[PDB]
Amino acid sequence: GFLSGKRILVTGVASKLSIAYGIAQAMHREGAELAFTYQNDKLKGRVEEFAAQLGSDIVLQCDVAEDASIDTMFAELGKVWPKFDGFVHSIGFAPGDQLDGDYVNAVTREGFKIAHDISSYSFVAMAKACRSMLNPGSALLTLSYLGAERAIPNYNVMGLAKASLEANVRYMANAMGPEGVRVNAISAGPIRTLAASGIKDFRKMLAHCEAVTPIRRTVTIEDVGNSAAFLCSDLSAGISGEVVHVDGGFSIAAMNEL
């Protein structure tokens, strides 16, 4: 496959519906060697089993709210992969009260702080902690959404955190390019995942998107996985600092409705 010879670290696998699970299956199909992280001890056994099905035994705990957890994880990874070729950042969060109802009434100083810290700062916190372990030709990838570029009802402060994340992709690509590292994002269309159930009226989003999207269907974790595999491979060597829309054309149309 087109990822033979690469070693990639994958975050955010919580279940078989996760975008990260889809990305991991596609990368394994194309020949990558993989390593996995897990947020807390309730996820340990599920992730160890997923990793074994994909030929890996490298499974390490990591909570991105804590600098010490990130550092400890990369020091343990270093025992088996002293050098490696990049990582997939598939992590997002905001307190549940932030994501329902009018935006100005729901947002709070603490909710804004947590959303930006876990969904945007954590991407660069990981790069800082593994910078000297990355080979030339490495690639980093994160996942964003259209709520960074447009106001969407109920998405609320997560749209501000994703806008900071997309800027993070550009500043990171500009800083690390000279040493041979690329950094990009995929802006995915709506997909039913565990976290998806926390967005007020996510079921109407899905139905609507299917009706007015140019390809006339919502995208899958297999479509997102194949694009993620391409963006972390040497086939995408000419692409850096980019946000790639993997939403079936939804954002480039208007008023398809009638």
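For every residue, the number given is its place in the sequence shown, counted from 1.
Note: missing coordinates for residue 189 occur in none of the other compared entries bracketing this position, so the one-third threshold is not reached. Per the compared records, residue 200 is unresolved in at least a third of the other entries whose models span it.
Note on 89 to 97 vs 177 to 185: mean CA B-factor is higher in 89 to 97. Relative to its counterpart among 98 to 106 and 130 to 138, 98 to 106 has the higher mean temperature factor, C-alpha atoms as listed in the PDB entry. Taking the deposited Cα B-factors for 35, 70, 228, 205, the highest one is held by 205.
Across the options 191, 60, 232, 27, the residue with the most elevated CA B-factor in the record is 191. Ranked within its chain, residue 66 lands in the middle third, by CA B factor from the PDB record. Sorting the modelled residues of the chain by their CA temperature factor places residue 23 in the middle third. Sorting the modelled residues of the chain by their CA temperature factor places residue 151 in the middle third.
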